[PDB]
Amino acid sequence: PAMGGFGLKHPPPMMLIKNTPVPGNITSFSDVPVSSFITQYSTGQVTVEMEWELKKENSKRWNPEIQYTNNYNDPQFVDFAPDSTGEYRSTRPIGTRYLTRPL
Amino acid sequence: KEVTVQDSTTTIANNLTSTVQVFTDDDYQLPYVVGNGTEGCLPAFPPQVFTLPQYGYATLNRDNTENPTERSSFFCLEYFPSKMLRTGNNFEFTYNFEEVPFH
């Protein structure tokens, strides 16, 4: 795919949730369907577990490599942490390519 | 053989206790310069005697200039393990080709 990632013929499947309709007071019969319902919302917890396979580096390069580091000059906040109001801060985009290999 | 010059004589003699060092790059850690149409292969005619080519490589260069980059890499051959041979000694290797289509 153009955005990035893994292209799959059979992807992890769509998961769908709805609140069941609960009706308001009805005192008479009609063929026409009920349009009056009690107002409701739902809340809960979800857990996702994922397994990943890793490929190890086998480099023979003598000199030291480039690495991602936490490096800031005179910082006024910690990046990837909450602020005084409680809002999360994420200033930098992070890629995967820091290691080097010969062609 | 050891070569000595005194006052322009240039005598040549055998050294029995001297060694040669040999290795094969099995995991492809080194840059591979063999498949680029360069000279130094074994000769077409069996009686002809040949000089071996010297190993070298190009890494990264900065902005189409002679200067290097932080990604640029140095490789040491002496970091790999090698067999040591005197005049009595010999070296052998075996390889199998992967399945490929017929020409």
# chains A, B, ... in the order shown; residues from 1 in each chain; ligands from 1

call {"tool": "residues_around", "arguments": {"residues": "range 38-55 of chain B", "least_positions_apart": "5", "cutoff": "12 Å", "atoms": "only C-alpha atoms", "output": "number ranges by chain"}}
result
B: 30-33, 75-77

call {"tool": "residues_around", "arguments": {"residues": "residue 81 in chain B", "least_positions_apart": "3", "cutoff": "10 Å", "atoms": "only C-alpha atoms", "output": "MDAnalysis selection string"}}
result
chainID B and resid 21:25 77:78 84

call {"tool": "atom_distance", "arguments": {"atom1": "CA of residue 61 in chain A", "atom2": "CA of residue 6 in chain A"}}
result
29.8 Å

call {"tool": "interface_residues", "arguments": {"of": "chain A", "to": "chain B", "cutoff": "10 Å", "atoms": "only C-alpha atoms", "output": "PDB file with C-alpha atoms, in the first residue's frame"}}
result
ATOM      1  CA  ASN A  58      24.186  -9.356  11.498  1.00  0.00           C
ATOM      2  CA  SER A  59      26.469  -6.300  10.684  1.00  0.00           C
ATOM      3  CA  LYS A  60      30.315  -6.381  10.237  1.00  0.00           C
ATOM      4  CA  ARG A  61      30.608  -2.456  10.281  1.00  0.00           C
ATOM      5  CA  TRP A  62      33.550  -1.367  12.597  1.00  0.00           C
ATOM      6  CA  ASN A  63      32.505   2.286  13.189  1.00  0.00           C
ATOM      7  CA  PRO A  64      29.484   3.426  15.284  1.00  0.00           C
ATOM      8  CA  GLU A  65      25.934   3.806  13.757  1.00  0.00           C
ATOM      9  CA  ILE A  66      23.160   6.513  13.834  1.00  0.00           C
ATOM     10  CA  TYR A  98      18.641   4.025  11.667  1.00  0.00           C
ATOM     11  CA  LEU A  99      20.719   0.888  10.917  1.00  0.00           C
ATOM     12  CA  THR A 100      22.777   0.591   7.711  1.00  0.00           C
ATOM     13  CA  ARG A 101      23.500  -2.342   5.389  1.00  0.00           C
ATOM     14  CA  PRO A 102      25.728  -2.823   2.261  1.00  0.00           C
ATOM     15  CA  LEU A 103      23.886  -3.370  -1.108  1.00  0.00           C
TER      16      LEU A 103
END

call {"tool": "atom_distance", "arguments": {"atom1": "CA of residue 17 in chain A", "atom2": "CA of residue 40 in chain A"}}
result
14.1 Å

call {"tool": "residues_around", "arguments": {"residues": "residue 35 in chain A", "least_positions_apart": "6", "cutoff": "12 Å", "atoms": "only C-alpha atoms", "output": "PyMOL selection string"}}
result
chain A and resi 21-26
